[PDB]
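Undergrad: Below is the structure I would like to discuss, written out as structure tokens.
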Amino acid sequence: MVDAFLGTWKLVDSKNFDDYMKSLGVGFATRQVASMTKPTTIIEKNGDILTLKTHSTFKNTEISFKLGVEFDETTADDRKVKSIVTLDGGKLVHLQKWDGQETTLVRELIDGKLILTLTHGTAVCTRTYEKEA
Ligand SMILES: CCCCCCCCCCC/C=C\CCCCC(=O)O
């Protein structure tokens, strides 16, 4: 069900990431470096356990989860959140909840590109990843 998402992906476009980071309370110096960072995201599965790695010259993260089962997560900006990842309308939807706040990280495939939409508050960021050659 998630197999077309699997693989190694590189950032090739970013829109409104500063807005998204600022909405989360990320400090200006982190936003500055993040605005010039191009992560590599690796998505692997082993049965219904997915592992999602995000690698860069600045921050690295890794999460493992079962679809539809809540997991604890500590985000790149050090939020301690309750997370769940599901398939919804063919999109990989990651919902994080903490302190009554909600953010979604939604991935979809459009013409072979992986489009990551990040929403928190009113901020909507769209980042595009391409499959490694
Ligand atoms: C691990 C590298 C993540 C992107 C660069 C650092 C951003 C740090 C501040 C914002 C962290 C909040 C949410 C994670 C955003 C992930 C964006 C992405 O996967 O393209």
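As shown in the structure tokens, the chain order sets the letters A, B, ...; within each chain, residues go from 1, and ligands are also counted from 1 in the order they appear.
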Using only C-alpha atoms and all ligand atoms, I'd like a table of the residues in chain A that come within 7 Å of ligand 1; for each, show the closest atom pair and its distance in Å rounded to one decimal, ordered by chain and ascending number, as a Markdown table.

TA:
```
| residue | atom | partner | partner_atom_place_in_ligand_line | distance |
| --- | --- | --- | --- | --- |
| A:11 | CA | ligand 1 | 20 (O) | 6.9 |
| A:21 | CA | ligand 1 | 10 (C) | 5.2 |
| A:26 | CA | ligand 1 | 9 (C) | 6.1 |
| A:30 | CA | ligand 1 | 8 (C) | 6.4 |
| A:31 | CA | ligand 1 | 9 (C) | 6.4 |
| A:34 | CA | ligand 1 | 5 (C) | 4.6 |
| A:37 | CA | ligand 1 | 5 (C) | 6.2 |
| A:39 | CA | ligand 1 | 2 (C) | 5.8 |
| A:41 | CA | ligand 1 | 19 (O) | 6.8 |
| A:54 | CA | ligand 1 | 1 (C) | 4.8 |
| A:55 | CA | ligand 1 | 1 (C) | 5.5 |
| A:56 | CA | ligand 1 | 2 (C) | 5.7 |
| A:58 | CA | ligand 1 | 6 (C) | 6.5 |
| A:59 | CA | ligand 1 | 1 (C) | 4.4 |
| A:60 | CA | ligand 1 | 1 (C) | 4.2 |
| A:61 | CA | ligand 1 | 1 (C) | 5.1 |
| A:75 | CA | ligand 1 | 12 (C) | 6.3 |
| A:76 | CA | ligand 1 | 11 (C) | 4.7 |
| A:77 | CA | ligand 1 | 11 (C) | 4.6 |
| A:127 | CA | ligand 1 | 20 (O) | 6.3 |
```

Undergrad: For residue 131 (chain A), work out the shell of residues within 7 Å, counting only C-alpha atoms and skipping chain neighbours fewer than 6 positions away, then give it as a count of residues only.

TA: 3

Undergrad: Using the chain letters and numbers from this document, which residues of region 17-56 of chain A does DSSP assign to strand (DSSP E or B), as a ChimeraX atom specification?

TA: /A:40-46,49-55

Undergrad: Those same residues - N, CA, C and O atoms - I'd like them written as a JSON list (two decimals), in the first residue's frame.

TA:
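That gives us out.json:
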```json
[["chain", "number", "residue", "atom", "x", "y", "z"],
["A", 40, "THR", "N", 18.15, 14.59, 2.62],
["A", 40, "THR", "CA", 17.87, 13.32, 1.97],
["A", 40, "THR", "C", 16.94, 12.55, 2.90],
["A", 40, "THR", "O", 17.27, 12.36, 4.07],
["A", 41, "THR", "N", 15.81, 12.09, 2.37],
["A", 41, "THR", "CA", 14.85, 11.29, 3.13],
["A", 41, "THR", "C", 14.87, 9.87, 2.58],
["A", 41, "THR", "O", 14.75, 9.67, 1.37],
["A", 42, "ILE", "N", 14.99, 8.91, 3.49],
["A", 42, "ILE", "CA", 15.02, 7.49, 3.13],
["A", 42, "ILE", "C", 13.82, 6.84, 3.80],
["A", 42, "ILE", "O", 13.67, 6.95, 5.03],
["A", 43, "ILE", "N", 12.98, 6.19, 3.00],
["A", 43, "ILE", "CA", 11.78, 5.52, 3.53],
["A", 43, "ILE", "C", 11.92, 4.04, 3.20],
["A", 43, "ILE", "O", 12.10, 3.67, 2.02],
["A", 44, "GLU", "N", 11.92, 3.20, 4.23],
["A", 44, "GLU", "CA", 12.10, 1.74, 4.13],
["A", 44, "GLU", "C", 10.95, 1.06, 4.85],
["A", 44, "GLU", "O", 10.37, 1.62, 5.77],
["A", 45, "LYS", "N", 10.62, -0.16, 4.43],
["A", 45, "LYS", "CA", 9.67, -0.95, 5.24],
["A", 45, "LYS", "C", 10.24, -2.34, 5.47],
["A", 45, "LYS", "O", 11.02, -2.87, 4.66],
["A", 46, "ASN", "N", 9.78, -2.91, 6.57],
["A", 46, "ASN", "CA", 10.05, -4.31, 6.94],
["A", 46, "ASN", "C", 8.73, -4.81, 7.48],
["A", 46, "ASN", "O", 8.35, -4.46, 8.61],
["A", 49, "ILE", "N", 6.26, -2.31, 9.43],
["A", 49, "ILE", "CA", 7.07, -1.32, 10.14],
["A", 49, "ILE", "C", 7.81, -0.47, 9.10],
["A", 49, "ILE", "O", 8.63, -0.99, 8.34],
["A", 50, "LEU", "N", 7.52, 0.81, 9.11],
["A", 50, "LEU", "CA", 8.26, 1.76, 8.27],
["A", 50, "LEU", "C", 9.33, 2.43, 9.11],
["A", 50, "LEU", "O", 9.14, 2.70, 10.31],
["A", 51, "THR", "N", 10.43, 2.74, 8.43],
["A", 51, "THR", "CA", 11.47, 3.58, 9.02],
["A", 51, "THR", "C", 11.72, 4.74, 8.06],
["A", 51, "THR", "O", 11.93, 4.53, 6.86],
["A", 52, "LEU", "N", 11.66, 5.95, 8.61],
["A", 52, "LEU", "CA", 11.82, 7.18, 7.83],
["A", 52, "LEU", "C", 13.00, 7.94, 8.42],
["A", 52, "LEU", "O", 12.95, 8.40, 9.57],
["A", 53, "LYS", "N", 14.06, 8.02, 7.63],
["A", 53, "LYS", "CA", 15.29, 8.72, 8.00],
["A", 53, "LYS", "C", 15.31, 10.06, 7.26],
["A", 53, "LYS", "O", 15.00, 10.10, 6.06],
["A", 54, "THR", "N", 15.69, 11.11, 7.96],
["A", 54, "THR", "CA", 15.92, 12.41, 7.32],
["A", 54, "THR", "C", 17.34, 12.83, 7.67],
["A", 54, "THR", "O", 17.67, 12.98, 8.85],
["A", 55, "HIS", "N", 18.18, 12.94, 6.64],
["A", 55, "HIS", "CA", 19.60, 13.21, 6.83],
["A", 55, "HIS", "C", 19.95, 14.56, 6.22],
["A", 55, "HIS", "O", 19.44, 14.92, 5.15]]
```

Undergrad: For residue 102 (chain A), which of A:64, A:12, A:23, A:18 is the closest residue, counting only C-alpha atoms?

TA: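 Ranked by minimum distance to residue 102 (chain A), first place goes to A:23.
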
Undergrad: Go through A:122, A:35, A:128, A:96 one by one, measure the shortest atom-to-atom distance of each to residue 108 (chain A) using only C-alpha atoms, and give the residue with the smallest value.

TA: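 Of A:122, A:35, A:128, A:96, the one nearest residue 108 (chain A), counting only C-alpha atoms, is A:128.
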
Undergrad: From the list A:93, A:2, A:84, A:106, which residue is nearest residue 124 (chain A) when using only C-alpha atoms?

TA: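 Closest residue, counting only C-alpha atoms: A:106.
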
Undergrad: Of the candidates A:36, A:29, A:95, A:81, which shows the shortest atom-to-atom distance to residue 13 (chain A), using only C-alpha atoms?

TA: A:36

Undergrad: Go through A:89, A:25, A:7, A:121 and flag the residue nearest residue 103 (chain A), using only C-alpha atoms for the distances.

TA: A:121

Undergrad: Please indicate the distance in Å from CA of residue 85 (chain A) to CA of residue 118 (chain A), rounded to one decimal place.

TA: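 Distance reported for this atom pair: 13.8 Å.
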